[PDB]
Amino acid sequence: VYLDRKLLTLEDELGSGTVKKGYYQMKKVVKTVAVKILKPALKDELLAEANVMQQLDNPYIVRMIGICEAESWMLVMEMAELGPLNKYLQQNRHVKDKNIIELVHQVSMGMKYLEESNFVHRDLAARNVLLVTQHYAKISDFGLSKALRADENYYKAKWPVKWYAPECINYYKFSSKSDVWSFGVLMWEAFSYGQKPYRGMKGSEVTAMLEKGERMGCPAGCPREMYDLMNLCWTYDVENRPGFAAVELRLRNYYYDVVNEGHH
Ligand SMILES: COc1cc(-c2cnc3[nH]cc(C(=O)NC(C)C)c3n2)cc(OC)c1OC
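As numbered in our numbering, residues -9 to 254 make up the sequence shown, in order.
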């Protein structure tokens, strides 16, 4: 959890606090890492972030190496060389539909685990799915994430409104079902090859559209089954909206179906 700064080697910027690629000399190897670096509230956020990641043990969730205090406060995590899913698909338009399915199923597996762990993510978007390889996705960015109280199935709170469920907007209530809503948006982005959802619309206009029972259209080349899954994620009523255990299963099965044809 606590790291020796002199074992860390930063490069002179992935994004902009800032995220920078670095090297942490480990027990025997040198490990490539991503380092989140800050510009009191800001410092406690980072430790809260680190506390959440510490509690999570799953192949489809970014792993924290530890925290560092030097020039600035620094959060050191495993590196995802291919970066954010939305950018990847934007620059790689010929990624196959099967490959996209495989990646979003991987995200659902990570989310299924987060649910069983009683954590809400609250920033689940394609920008926060990071690619270790073209066939290996991990969930990142636990800056807004909350551990649910033992006696509550939701957390009561700028928001990424286009990814938030009606109950988040209407009642400030975040649950795993809210994350499922965000996952639908993320699915939409993945099949739209990393285009922004609700193009040209303001936050308030989105809320209005959703209130009328309208949902985003089926992306070009997206299988009807995956668009059916998207819309089910976008179930307005929280009770009728599926959980991640159901979602992961629907994706597991349809991925295995598609794989079977790739041979047939
Ligand atoms: C390889 O290209 C990029 C890679 C990354 C990146 C890679 N590995 C990571 N591990 C934890 C991260 C992390 O905490 N990321 C937060 C920014 C979500 C994180 N971000 C981020 C990028 O832009 C943000 C990139 O595009 C230049």
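Beta carbons: idealized from backbone N, C-alpha and C, even for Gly.
Asked: Helix, strand or coil at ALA137 according to DSSP, with G and I counted as helix; Found: strand
Asked: Beta strand (DSSP E) segment containing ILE51, residue limits; Found: Careful: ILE51 lies outside any beta strand (DSSP E) and carries neither H nor E.
Asked: Under the three-state DSSP convention, the category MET99 falls into; Found: helix
Asked: Exposed unless 16 or more other CB atoms sit within 10 angstroms - verdict on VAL20; Found: exposed
Asked: Where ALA60 falls: helix, strand or coil (DSSP); Found: coil
Asked: Top-ranked residue by Cα proximity to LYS77, from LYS18, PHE164, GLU157 and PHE181; Found: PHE181
Asked: Near ligand 1: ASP34 beta-carbon under 8 angstroms from a heavy atom; Found: no
Asked: C-beta contact flag for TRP153 and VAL175 at 9 angstroms; Found: yes
Asked: Own chain residues within Cβ distance below 8 angstroms of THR197, not counting five before or after; Found: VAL151, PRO156 and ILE159
Asked: Buried or exposed by the 16-neighbour rule on C-beta atoms within 10 Å, applied to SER6; Found: exposed
Asked: Cβ shell of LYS88 (< 6 angstroms), same chain only, five flanking positions each side left out; Found: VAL248
Asked: Neighbour-count burial assignment, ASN118, 16 or more Cβ in a 10 Å radius; Found: buried
Asked: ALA115 (DSSP reduced to helix, strand or coil); Found: coil
Asked: C-alpha gap between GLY233 and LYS167, whole angstroms; Found: 6 angstroms
Asked: Beta-carbon proximity check, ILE129 vs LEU93, cutoff 9 angstroms; Found: no
Asked: DSSP three-state assignment for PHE173, whether helix, strand or coil; Found: helix
Asked: Local Cβ density within 10 Å of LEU37, reported as buried at 16 or more and exposed below that; Found: exposed
Asked: Where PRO150 sits in the DSSP three-state scheme; Found: coil
Asked: With 16 other Cβ atoms within 10 Å as the buried cut-off, status of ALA127; Found: buried
Asked: Cβ-Cβ distance between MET54 and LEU72 below 9 angstroms; Found: no
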